[PDB]
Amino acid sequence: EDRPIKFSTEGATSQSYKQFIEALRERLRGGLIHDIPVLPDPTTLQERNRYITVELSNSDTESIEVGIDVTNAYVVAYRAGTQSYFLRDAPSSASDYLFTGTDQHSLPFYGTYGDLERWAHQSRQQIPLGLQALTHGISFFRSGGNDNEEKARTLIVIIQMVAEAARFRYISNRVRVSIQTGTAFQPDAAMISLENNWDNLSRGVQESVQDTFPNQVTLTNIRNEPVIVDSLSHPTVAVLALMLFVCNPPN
């Protein structure tokens, strides 16, 4: 359908960022389940519709493109000029229709927090996010960023402000506020517990029996305290904007 989903660090606003995430959400939804949007069933698509690109500009000249797998919203490759780099665990068909007229290269780690964090000797809680850290990522990568420590470090930023923002209304509100207040922020325990439990939340919702997840989801609030969820009527459930497809509930 449409892949030139673009956001420009230039003269951005909370409103322009929200328009970015809205477009990005409209692209990846392939259904509703218990009224919440769910990404497409991976069996339903052909490799050619499996990837999209988000163009992140700092200027009409400097900017990068990120390859996203609509099947799970992950970042699998990034492109700068006629050079694309593919994460170590991007699917096999990646390079087939991602950054085709470019010298494609493989990176030696995947976009899994864990591997990215292993590389950037920092953790998500240490890496600040905001328009300033985004602008630097675009510049580092464009510039011919070659360092693995810092490539891994700027992917964390990119993944959270883009892929993690698309999935949860909470994370986009946060990203939107740091923009509106020109203030960088380090992800709190809620943000991280949300990022960590995406799959678990998605499953519980789709597998729920009588307004009930077969298995409880333990989140954490900002004060860093247990918020256990195990029902569709629990209000925390509403911060979910996009679920990972896991199974079609029997009718």
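Residue numbers run from 1 along the displayed sequence.
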Original post:
On average, are the C-alpha B-factors higher in 26-34 or in 180-188?
Top reply: 180-188
Subject >> Higher-scoring stretch by recorded Cα B factor average, 76-84 or 90-98 >> reply: 90-98
Original post:
In this PDB entry, which of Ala166, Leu134, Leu107, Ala120 has the top CA B-factor?
Top reply: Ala120
Subject >> Deposited CA B-factor, highest of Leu219, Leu45, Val70, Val209 >> reply: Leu45
Subject >> Modelled-residue ranking by C-alpha temperature factor, third containing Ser143 >> reply: highest
Subject >> Where the record places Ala12 (Cα B-factor, split into thirds across the chain) >> reply: highest
Subject >> Third of the chain's Cα B-factor distribution that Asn215 belongs to, per the entry >> reply: middle
Original post:
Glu195's Cα B-factor: lowest, middle or highest third of the chain?
Top reply: lowest
**OP:** Looking at the entry's B-factor column for C-alpha atoms only, identify whether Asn173 ranks in the lowest, middle or highest third of its chain.
**Re:** middle
